[PDB]
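**Student:** As a preliminary step, the opening chains of the complex are given here in situ:
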Amino acid sequence: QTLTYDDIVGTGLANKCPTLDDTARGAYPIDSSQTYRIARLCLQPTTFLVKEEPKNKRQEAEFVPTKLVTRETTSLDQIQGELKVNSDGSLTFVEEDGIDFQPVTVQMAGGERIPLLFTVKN
């Protein structure tokens, strides 16, 4: 039931983050003395919004929607790092390594391509 490369290749599923069934409304007990780790963090962008530049100083500087033009190349995956339980029982995630950037180009109304380095580096 768990897919291989030959099932995945060319379908676009490789650009998706993995999901969880609706039943999984649980909780993960953080033992405050154990060391934890993120074995795989995946970020799959679904929406890119770009802020317009009103030549006025004022106006509503609203985020406008854009169309992706660089295809299913957008997800960050296989990101790892330590998850350090702090003094107060807050968890901090320190990114170490992975596929943590993707160049993305989106296009605005009118044809302006906007390139960005979509990243969670450090």
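**Tutor:** Alright, I've got the coordinates. Numbers count the residues shown, from 1 in each chain, chains lettered A, B, ... in the order given.
**Student:** Report the outermost residue of chain A with respect to its centre.
**Tutor:** residue A:56 (33.6 Å; Cα atoms, centre = their mean).
**Student:** Let me know the helix or strand that that residue is in.
**Tutor:** For residue A:56, there is no enclosing helix or strand under DSSP states H and E.
**Student:** any chance you could map the strands in chain A?
**Tutor:** A:36-43, A:49-51, A:63-65, A:67-68, A:76-85, A:91-99, A:101-107, A:113-119 (DSSP state E).
**Student:** who are the neighbours in contact with the residue lying closest to residue A:52 once chain neighbours are set aside?
**Tutor:** Spatially, and ignoring its direct neighbours in sequence, residue A:52 is nearest to residue A:64 (5.6 Å; Cβ to Cβ, 6 or more residues apart in numbering). In short, each C-beta sits where N, CA and C put it, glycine included. Taking Cβ atoms under 8 Å, 6 or more residues apart in numbering, we find residue A:64 in contact with A:49, A:50, A:51, A:52, A:108, A:109.
**Student:** Farthest pair within those residues?
**Tutor:** Greatest spacing in these, by Cβ to Cβ: A:51 and A:109 (13.6 Å).
**Student:** bridging residues for the most centrally placed residue in chain A?
**Tutor:** Most central in chain A under Cα atoms, centre = their mean is residue A:43, positioned 2.5 Å from the mean C-alpha point. Beta-bridge pairing of residue A:43 under DSSP bridges involves residue A:76.
**Student:** add chain B to what we have:
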Amino acid sequence: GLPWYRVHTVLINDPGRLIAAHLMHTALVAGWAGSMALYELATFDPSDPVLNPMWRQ
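**Tutor:** Adding chain B to the chains above:
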């Protein structure tokens, strides 16, 4: 023969060629409307409907 300002009078008793002339006129006018629209679209800045609308451009 015909002076310059009467060359089109050869169509007066020729309905098929009158229709042809009228079709060529309609072709030119429709072509004008398309080419004009495309020149405007090439030139129009749509980014500011408030202080730069179409009537300023």
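**Student:** just checking, the residue nearest to the centre of chain A touches residue A:76?
**Tutor:** Yes. Here residue A:43 lies in contact with residue A:76, judged by Cβ atoms under 8 Å, at a distance of 4.5 Å.
**Student:** which residues touch residue A:116?
**Tutor:** Contact partners of residue A:116, counting by Cβ atoms under 8 Å, 6 or more residues apart in numbering or on different chains, are A:48, A:103, A:104, A:105, A:106.
**Student:** What of residue A:73?
**Tutor:** Residue A:73 makes contact with A:15, A:102, A:103, A:104, according to Cβ under 8 Å, 6+ apart.
**Student:** sorry, back to before: of the contacts of residue A:116 - the most surrounded one?
**Tutor:** residue A:106 (21 neighbours; other Cβ atoms under 10 Å in any protein chain shown).
**Student:** so that one touches residue A:113, yeah?
**Tutor:** Yes. Assessed by Cβ under 8 Å, residue A:106 is found in contact with residue A:113 at 7.4 Å.
**Student:** Give the residues shared as contacts by the two.
**Tutor:** By Cβ under 8 Å, 6+ apart, the residues touching both residue A:106 and residue A:113 are residue A:69.
**Student:** Give the buried residues for stretch A:67-82.
**Tutor:** By neighbour count with 16 or more other Cβ atoms under 10 Å in any protein chain shown, stretch A:67-82 contains the buried residues A:68, A:74, A:75, A:76, A:77, A:79, A:81.
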